[PDB]
Amino acid sequence: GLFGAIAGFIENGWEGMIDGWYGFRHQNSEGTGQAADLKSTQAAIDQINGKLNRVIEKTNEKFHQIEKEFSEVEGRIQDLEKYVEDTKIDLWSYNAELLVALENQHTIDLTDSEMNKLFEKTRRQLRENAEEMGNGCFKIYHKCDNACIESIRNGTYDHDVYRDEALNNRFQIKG
Amino acid sequence: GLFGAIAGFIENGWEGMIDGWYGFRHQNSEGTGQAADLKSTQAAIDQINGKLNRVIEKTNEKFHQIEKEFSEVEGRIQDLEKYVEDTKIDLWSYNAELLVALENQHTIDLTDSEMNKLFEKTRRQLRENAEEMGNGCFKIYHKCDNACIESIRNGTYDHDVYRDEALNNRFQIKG
Amino acid sequence: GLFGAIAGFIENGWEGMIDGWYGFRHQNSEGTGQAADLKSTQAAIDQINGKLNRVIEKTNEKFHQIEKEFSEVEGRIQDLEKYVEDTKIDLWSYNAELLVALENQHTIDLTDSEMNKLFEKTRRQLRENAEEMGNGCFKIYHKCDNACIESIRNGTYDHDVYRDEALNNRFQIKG
Amino acid sequence: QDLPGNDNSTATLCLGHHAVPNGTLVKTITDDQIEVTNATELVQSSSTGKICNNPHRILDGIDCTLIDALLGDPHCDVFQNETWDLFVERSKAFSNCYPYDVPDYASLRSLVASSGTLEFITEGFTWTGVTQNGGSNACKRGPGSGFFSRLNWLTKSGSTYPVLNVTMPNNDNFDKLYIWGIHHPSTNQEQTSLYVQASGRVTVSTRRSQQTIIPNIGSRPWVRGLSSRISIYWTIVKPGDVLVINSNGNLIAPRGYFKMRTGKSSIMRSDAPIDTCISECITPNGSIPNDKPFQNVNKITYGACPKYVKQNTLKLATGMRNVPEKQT
Amino acid sequence: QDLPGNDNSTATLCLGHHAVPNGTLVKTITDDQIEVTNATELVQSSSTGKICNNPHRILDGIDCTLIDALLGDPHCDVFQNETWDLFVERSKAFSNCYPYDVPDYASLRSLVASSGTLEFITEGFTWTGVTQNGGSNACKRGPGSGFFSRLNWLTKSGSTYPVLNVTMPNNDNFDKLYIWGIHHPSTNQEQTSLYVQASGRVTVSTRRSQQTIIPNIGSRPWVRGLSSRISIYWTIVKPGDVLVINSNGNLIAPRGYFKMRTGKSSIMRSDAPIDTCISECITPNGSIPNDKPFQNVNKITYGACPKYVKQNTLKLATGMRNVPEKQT
Amino acid sequence: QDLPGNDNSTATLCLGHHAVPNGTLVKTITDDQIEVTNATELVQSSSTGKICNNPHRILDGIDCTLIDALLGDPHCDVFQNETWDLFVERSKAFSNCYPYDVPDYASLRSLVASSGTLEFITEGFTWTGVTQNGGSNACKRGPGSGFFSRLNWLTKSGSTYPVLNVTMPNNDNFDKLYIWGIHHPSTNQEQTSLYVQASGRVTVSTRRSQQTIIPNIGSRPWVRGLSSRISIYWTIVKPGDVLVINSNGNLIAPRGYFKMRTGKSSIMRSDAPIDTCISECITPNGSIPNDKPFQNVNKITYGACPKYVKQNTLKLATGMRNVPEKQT
Ligand SMILES: *[C@@H]1O[C@H](CO)[C@@H](O[C@@H]2O[C@H](CO)[C@@H](O[C@@H]3O[C@H](CO)[C@@H](O)[C@H](O)[C@@H]3O)[C@H](O)[C@H]2NC(C)=O)[C@H](O)[C@H]1NC(C)=O
Ligand SMILES: *[C@@H]1O[C@H](CO)[C@@H](O[C@@H]2O[C@H](CO)[C@@H](O[C@@H]3O[C@H](CO)[C@@H](O)[C@H](O)[C@@H]3O)[C@H](O)[C@H]2NC(C)=O)[C@H](O)[C@H]1NC(C)=O
Ligand SMILES: *[C@@H]1O[C@H](CO)[C@@H](O[C@@H]2O[C@H](CO)[C@@H](O[C@@H]3O[C@H](CO)[C@@H](O)[C@H](O)[C@@H]3O)[C@H](O)[C@H]2NC(C)=O)[C@H](O)[C@H]1NC(C)=O
Ligand SMILES: CO[C@]1(C(=O)O)C[C@H](O)[C@@H](NC(C)=O)[C@H]([C@H](O)[C@H](O)CN)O1
Ligand SMILES: CO[C@]1(C(=O)O)C[C@H](O)[C@@H](NC(C)=O)[C@H]([C@H](O)[C@H](O)CN)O1
Ligand SMILES: CO[C@]1(C(=O)O)C[C@H](O)[C@@H](NC(C)=O)[C@H]([C@H](O)[C@H](O)CN)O1
Ligand SMILES: *[C@@H]1O[C@H](CO)[C@@H](O)[C@H](O)[C@H]1NC(C)=O
Ligand SMILES: *[C@@H]1O[C@H](CO)[C@@H](O)[C@H](O)[C@H]1NC(C)=O
Ligand SMILES: *[C@@H]1O[C@H](CO)[C@@H](O)[C@H](O)[C@H]1NC(C)=O
Ligand SMILES: *[C@@H]1O[C@H](CO)[C@@H](O)[C@H](O)[C@H]1NC(C)=O
Ligand SMILES: *[C@@H]1O[C@H](CO)[C@@H](O)[C@H](O)[C@H]1NC(C)=O
Ligand SMILES: *[C@@H]1O[C@H](CO)[C@@H](O)[C@H](O)[C@H]1NC(C)=O
Ligand SMILES: *[C@@H]1O[C@H](CO)[C@@H](O)[C@H](O)[C@H]1NC(C)=O
Ligand SMILES: *[C@@H]1O[C@H](CO)[C@@H](O)[C@H](O)[C@H]1NC(C)=O
Ligand SMILES: *[C@@H]1O[C@H](CO)[C@@H](O)[C@H](O)[C@H]1NC(C)=O
Ligand SMILES: *[C@@H]1O[C@H](CO)[C@@H](O)[C@H](O)[C@H]1NC(C)=O
Ligand SMILES: *[C@@H]1O[C@H](CO)[C@@H](O)[C@H](O)[C@H]1NC(C)=O
Ligand SMILES: *[C@@H]1O[C@H](CO)[C@@H](O)[C@H](O)[C@H]1NC(C)=O
């Protein structure tokens, strides 16, 4: 949608991720693994529930109103009774149609946004030690075991700890 | 608009680009050139047509209604016949005014978005071999002939092929 | 909001910034300082005033209408007079409620956007001489006195002037 | 730091989002079918089929319309002094007493329907010089002739029908609804037989208003043995005002007043069964749940109900776009 | 990998977007004139000037209004049994027969207008004891006197006007519209000359309703030589019901019934020319194209038309913001 | 290139945004209380309490309703030929002349209210054979009996009330409003005493319309010593048309015409004080400022006013989200 992460630079979703809406898969020293990210999942979920509750906020109540079905032909007054209701219905129908269209449009950009925010957050954290492969995966240029992967995920990764290792691996090489 | 590419970090449009809405201009070992990008042009166009068709979706039809022009003065019933229509017209006019305002606002951020997405895509692809001059132009730090410029544009550019050349040119120098 | 700068990667606002909405705080070998950024403050303010004036654009005027308060019980015609007005009021109330909701939502993403655009602009400018600490602060890897900080803020900073100094400080070190 | 930190390996971290095998299509500003992970329906489109008898007070009219219950057709005597939040009128209702017509039937049905009470107070009208309590065989009360319970048919005494001129003050602090009527004979003979005068007249007034109706002699279609008709009228008397009934023939006199109130009562035409359940929103198709914001069951509602809409389905996306990883 | 690239040079790649020399200003949430590459107009503001005669069935009333075509003013006899989707009434229309007035002209014009048919069935009413087919010189049919084709003016036979009491059952399975009327004489002399009785009376009824109208003697303004008037009334008779017409003088009797139907028909006042073209939306200003969503031509429409709006222009941006590079 | 000379160090630059200690909660698409730096109120919810007498022309009715000012109740003679943009009717108004009722009071009050003028032109009606200028002690003008200034009560001369048949052409180029009426006596004796004929009749007509009202004899409630009533009627006569008044008893004749106009006038019921100030929007609660887009003071308005809304507060965010350093 607007940010181009979902259905954008991130090729497709993981049908296998059952524990959250956004998350990580890694492949490292000890093997490959996957983990949902619960903060962005909660951010996305809370906003959609916020939106949802506002839409289900108060059905107003109405008691005696006007007749809306007639058995005889009467002319001028019944024509108006019918016209008042038909124009009320079309206006409320327009409203409903536009409301779900704006709402849905926004829910897709909101979730696109949270995906992209998670990406940007992880980028910022890895600092000079990783490169973006451009498909939503980072190449981490230093030995990063499972506890290292867990510190990136839980947000405690210290880039300085691996900076000289990574900068060496990443740049020096032979050019 | 929201992303600040159009009328933002990209100073102005090219009146000369006639073959598409977004695109590239380069200067390389072989001379200068311009080329429209057709995928982002189609993305932007498809979304605006989508939007457009939804707005032109079904004029509803109405047959016998109420009188809206009167030649005699009648009082209470004619006052109501007039009031029902005048309040219907103001409500439909409000609707039209708000609809094009939301719509237009969104069309400018949508197109701002596609510009910025094209930029981000090209950034990601050039990897460590180019730098952002900050005006929407990348400085590519390696010899890049026309076929090289074509591979960036058609999305097949291999950064590895030029990484040591570029990293040397870009960093080493004398500091 | 959508960009995740405000109440996002920028932890919180400065109650002390009284001279503008967005701005800078620095710490260099000559001291520490704060300065509002007036261009992004004006961008944010102008858009919110634009929005504001459109909402206060023309109260339409109405003169003879229908009776809306009755002292006797009359039946069919008075029921319709009441129903026309009650459905007009609920429709205008729906409109007002939805209008400020869309509007407010957009004002938060718009201001989130301007914050993030200021950040991106400053990033682009510092080029290879600074690193993002990820909390909205850049670490400038070269000696930057107060005139240097002023040139970044007023947008005249020349990265080339400090590039070898910065690249040395930033990379070389011992890895 | 360490010493020569030599282990030159790398790792790969990839961010992604979920996707579901199934997925629901929703409309957007720019697309009208885009597939999302999940959605929720905002249009209620089905009724239970039954009118729940709780929380509103539903009064089933069985085979009485509200006006016959009001007038006191013998067969509707079950409803005297009854009250309701919603009076349900059934398609099977029938009248079965003296043939009558109500000039603005629609306002009287409305005005009573939202008052919500049929509480009747009898007042001591004294009709001197006329015979009271006339009835008809078309309005059988039990084995005998009868008439509407709330009306009093006056005819001559001996050889004369006087000019009746009665008055009834509203000394209470509430409005009083009086239902009265006039008898239109079929023949000039019927007119003189019953009311002596060859042309009747009824004038009912207050300080604020007056209605004078004169009868109309002529044959109408045979309805329950009769070609005569009585037409029903109503007068509301405000506190402190006074009713004066003045007639010279053909008056069908009131026996007292219905009291009026202000409330949330209304009337509904429905053949749906009333059942025991609690439901706030009533539709002539039966109750419906007001959990969704819009409904498409019926444009007639009573109670806290969703806003009726022409659409029968409107799905609100409650998840991201579905971009499946194969689809299984 | 590769060998000494002696030269090591750089390249520049720049991304950009188009811009157009021209450009259109549109309104936004935050701006009310911002310039975009392109836009499209959403308000239709011009008519062709002609009412296209296709796809709806337009009936041009020429110099007849719908009510005169209904009653059968001689000059509107062209319209007998005619039908329409839209009956266009012209400002030039005129009546030219016995002066009449219709108490609720507006409902009768409506009720007929949406029925959409003037199909008349004559029924065999038998009027015994009166002279049928009265006409007037103000309603010339050809060289002679005449009257409305669909009405039958009864006057005395010899020295007597009896009490007419006729009945006509609705045995068909559709509703029947009966138009009838009453003659208001100018003088008591005119009254007795024509109807003998010094006070006429007309009562038309069904099982469901009744109307009794009594005439009113007095001079009105001279219209086509006359100070008398006839007032027009209508009665719909449902299937299985029965009409009873009972009068004692002054009846202008029905000759049969118009049949009623339910359709999309309506009536429109317009002086626009009818022309051959297909157009779905009709406006009293002529047809307009319903390609745009909103229109500002007229608030009166018939057919599939855009929603009328107060604005006369609303442009929807169909392109990016225009940021051109030259000066202005 | 640039030569450092000696210093080796770094700097820190941080971008941020303001925050305020205070802050206002606003509603959003996704939240219903989110705190922003600043907001502005869009619902006007308070009146000044006074109706500003500028820019519209306010006419304070004091203790006259518009209809009594129109008819010319003695105590409302202050209003003759008066004009207004808004006529304010006060709850304290009272009538104090011959008891009358107006069949469609609501349309006559409307029709006059938006015409905006009580300009009366007297015309020379000649009533031959009747006594003019009748008055009553219930309508005291000064020490004497009186009647409505704009009406003329005709009674018999000697022993006869002729058939009046008068006419008044509309030769001007504007519409003329004629208010006339009929006297309903209490007793047949009153009828014959005043009008000789035992049954009166009034027929007022034009080329386009006619009304024939016949009086109704009977006692109504004593109001200012009287049981009789007069009912008020109105006839508009278009340019080129002609009024014909024809009666045989009980006519309360017009003295001329009110002229009609088309404008922005209306009427309002309010007990608010009129005061000197300029305000465009008037509410029965007093004027309110139309700077905000919506208002919640009253659904009755006159002038350039905000759109009435059920909500009493709706804040529009005019600043970013408030994320303070300490707390809120
Ligand atoms: C005026 O004309 C009407 C219509 O012709 C007359 O109405 C009809 O009157 C007869 C005799 O009273 C009614 O007959 C009864 O019908 C029922 C049911 O069929 C039957 O049970 C009785 O044995 C008897 O036959 C007839 O139904 C009635 N029809 C209608 C449509 O009303 C009326 O009597 C005439 N009045 C005068 C005074 O001339
Ligand atoms: C009651 O009063 C009205 C109004 O004064 C009388 O109406 C007028 O009657 C005369 C004589 O019939 C009409 O004269 C006609 O004038 C036309 C030209 O306009 C001419 O072509 C005819 O040959 C005839 O001379 C006059 O027009 C008419 N005016 C109006 C406004 O109706 C009416 O006759 C009086 N009736 C009685 C019984 O006193
Ligand atoms: C028909 O019946 C009504 C109601 O009974 C009669 O009305 C009442 O008539 C009396 C005598 O005129 C009125 O009395 C007067 O009242 C005033 C105010 O108190 C006082 O100043 C007089 O001295 C006298 O008492 C009484 O108010 C009035 N009541 C009502 C409700 O109208 C009417 O007179 C009867 N008419 C006939 C012809 O029988
Ligand atoms: C036909 O016989 C009856 C009837 O209806 O049963 C007998 C009944 O006692 C009598 N009631 C009175 C008070 O007179 C009525 C009326 O005279 C007629 O209904 C007038 N249409 O007639
Ligand atoms: C003036 O002469 C005529 C006419 O109108 O031409 C002759 C016509 O044959 C006659 N028709 C009948 C059935 O009586 C009428 C009516 O008597 C009057 O119109 C009553 N206003 O009068
Ligand atoms: C009671 O005495 C008066 C009155 O009202 O003061 C005297 C007055 O001169 C007289 N006016 C005329 C023109 O007759 C009226 C009327 O006769 C009655 O009001 C009819 N209800 O009666
Ligand atoms: C983050 O991960 C590392 C490795 O598991 C662990 O030691 C650390 O405490 C974790 N921190 C939090 C806050 O979970
Ligand atoms: C991309 O460009 C290069 C150079 O023109 C060419 O060899 C390659 O096949 C192109 N690929 C596509 C998919 O166009
Ligand atoms: C920017 O800052 C430097 C240092 O104060 C100054 O010399 C330069 O002129 C400034 N430029 C502008 C445009 O303010
Ligand atoms: C789909 O959305 C609705 C509303 O948010 C929720 O109740 C439901 O559980 C969701 N479905 C799943 C599988 O999460
Ligand atoms: C109806 O209620 C009133 C008021 O309490 C009472 O006097 C009257 O007798 C009641 N009648 C019936 C039939 O319940
Ligand atoms: C509800 O009732 C109406 C009329 O009885 C019917 O046409 C409609 O289809 C019904 N809808 C549902 C959901 O029962
Ligand atoms: C402008 O937009 C409309 C609707 O999308 C389109 O028909 C038209 O061709 C566009 N103009 C240009 C020059 O593309
Ligand atoms: C009108 O149509 C009916 C029904 O077919 C027919 O009997 C009648 O004679 C027609 N009359 C004319 C004038 O067409
Ligand atoms: C359409 O007709 C109305 C009334 O005839 C006129 O006022 C209006 O200006 C016309 N508009 C157009 C586009 O013809
Ligand atoms: C809050 O917003 C309103 C409207 O923009 C403005 O008048 C007011 O000055 C603002 N408050 C502050 C403290 O800026
Ligand atoms: C009312 O105005 C008219 C028209 O100028 C005038 O002739 C008439 O005498 C005025 N009457 C009063 C009481 O002002
Ligand atoms: C305005 O007046 C109405 C009726 O007089 C009252 O109920 C309402 O509360 C008042 N509101 C204000 C703001 O005065």
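Residue numbers (PDB author numbering), protein chains in the order written: chain B, 1 to 175; chain D, 1 to 175; chain F, 1 to 175; chain A, 1 to 328; chain C, 1 to 328; chain E, 1 to 328.
Each residue gets a CB set at the ideal place from its N, CA and C atoms; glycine is no exception.
Of all Cβ atoms in chain E, is any one closer than 8 Å to the Cβ of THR37 (chain A)?
no
What does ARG201 (chain C) pair with, by DSSP beta-bridge criteria?
C:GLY249
Just verifying my parser: in three-state terms, what is the DSSP assignment at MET17 (chain F)?
coil
Which residues share a DSSP beta bridge with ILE51 (chain E)?
E:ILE274
With 9 Å as the limit, tell me which residues of the stretch 74-92 of chain D have their beta carbon closer than that to any beta carbon of chain E; keep them in chain order.
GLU74, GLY75, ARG76, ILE77, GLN78, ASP79 and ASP90
Counting only Cβ-Cβ distances shorter than 7 Å, please list the residues of the stretch 33-50 of chain D near chain B, keeping chain order.
none
Residue span of the alpha helix (DSSP H) that contains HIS56 (chain C), given as start and end
Looking at the DSSP string, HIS56 (chain C) is not in any alpha helix (DSSP H), and its letter there is neither H nor E.
Close Cβ partners of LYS50 (chain E) (< 8 Å) along its chain, the five nearest in sequence each way excluded
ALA272, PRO273, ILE274, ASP275, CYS277, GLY286 and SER287
What residue range is occupied by the uninterrupted alpha helix (DSSP H) comprising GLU89 (chain C)?
Careful: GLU89 (chain C) lies outside any alpha helix (DSSP H), inside the beta strand (DSSP E) at 86-89.
Within 10 angstroms of its Cβ, does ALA44 (chain D) collect 16 or more other Cβ (buried), or is it exposed?
buried
Ignore the nearest five residues each way along the sequence and tell me which others in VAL55 (chain B)'s own chain have a CB closer than 8 Å to its CB.
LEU99 and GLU103
For residue 215 (chain F), which of helix, strand or coil comes out of DSSP?
Lying outside 1 to 175, the shown extent of chain F, residue 215 (chain F) is not represented and no answer is given.
Quick one: list the residues of chain C neighbouring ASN312 (chain E), beta-carbon separation under 7 Å, in chain order.
Neighbours of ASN312 (chain E) on chain C: none; closest Cβ ~25 Å, over 7 Å.
Taking 5 Å as the limit, name every residue whose beta carbon sits nearer than that to some heavy atom of ligand 2, in sequence order.
C:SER219, C:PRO221, C:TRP222, E:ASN165, E:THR167 and E:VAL242
When you compare only the Cα positions, how much space is there between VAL223 (chain C) and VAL112 (chain E)?
30 Å
Mind listing the chain C neighbours of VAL223 (chain A)? Cutoff is C-beta to C-beta under 9 Å, in chain order.
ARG207
Could you give the C-beta distance for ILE6 (chain B) and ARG321 (chain A), rounded to a whole number, given that I count them as a contact under 8 Å?
6 Å
The stretch 125-142 of chain B touching the stretch 112-128 of chain D, judged by at least three CB pairs closer than 8 Å:
yes
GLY256 (chain C) and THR122 (chain C): beta carbons closer than 8 Å?
yes
Taking 8 Å as the threshold, find out whether the stretch 122-140 of chain E comes into contact with the stretch 83-100 of chain D through three or more Cβ pairs.
no
Using the Cα positions of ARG153 (chain D) and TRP21 (chain D), report the straight-line distance between them to the nearest angstrom.
15 Å
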